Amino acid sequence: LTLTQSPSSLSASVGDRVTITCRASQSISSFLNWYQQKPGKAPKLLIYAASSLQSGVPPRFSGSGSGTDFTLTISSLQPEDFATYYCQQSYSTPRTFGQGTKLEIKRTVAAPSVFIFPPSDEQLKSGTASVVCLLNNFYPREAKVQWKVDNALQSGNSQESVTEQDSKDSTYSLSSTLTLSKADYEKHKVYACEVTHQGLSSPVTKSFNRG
């Protein structure tokens, strides 16, 4: 049978009580299970038989419901609970899952630590230069990262990557990588990374001179 979860996305703070509903297109008795999937990892069983807590699952997780409508309840949200949650029916002959509920966690503002990495000499021998700027453990996600080469604003030669929300402090980390050829990298001296963030009263700048 078909399983539909509500909501698809969820945002709450540590200590909040959160609930997630699963709705079956037809009766599945009590053969409903809940799984927790943290990023990059296999799903983990939380509740079986719609209401039975699995051995080793913290007691703040609980499930209830029967027939067509079901509920998973987290009594007090914790940072480790950042994950995607799936319901799964084992009543009919083809096992089916719900679409999944992504659970994001809200917390206080935390300013990024900014570090900059020049290109290694190994990479320069190969003809390319990658300059890495790192923003470490910050919240919220919105952060502006600008590259300046000899005080000139750069555009079109950098890519950003953001980690998932951390499982302990619920923060993000970001990498912005400026990629220049070997030739273009030698043409300039000052390579700067300017970071704007809500937790920074002024744009923090990390830089180095080639050499």
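All residue numbers refer to positions in the sequence shown, first residue = 1.
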Practice item. Determine, for stretches 180-188 and 162-170, which one has the higher mean CA B-factor as deposited. Key: 180-188
**Study point:** Mean temperature factor over C-alpha atoms, higher-scoring stretch between 171-179 and 49-57
**Key:** 49-57
Check your understanding: Looking at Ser90, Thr108, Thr84, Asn137, which has the highest Cα B-factor in the entry?
Key -> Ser90
**Study point:** Third of the chain's Cα B-factor distribution that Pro39 belongs to, per the entry
**Key:** middle
Point to revise | Assigned third (lowest, middle, highest) for the C-alpha B factor of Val145 | key: lowest
Check your understanding: Where does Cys133 sit by CA temperature factor within its chain: lowest, middle or highest third?
Key -> lowest
Point to revise | Entry-reported Cα temperature factor of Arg17, expressed as the chain third it lands in | key: middle
Check your understanding: Of the three thirds of its chain by CA temperature factor, lowest, middle or highest, which one includes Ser113?
Key -> lowest
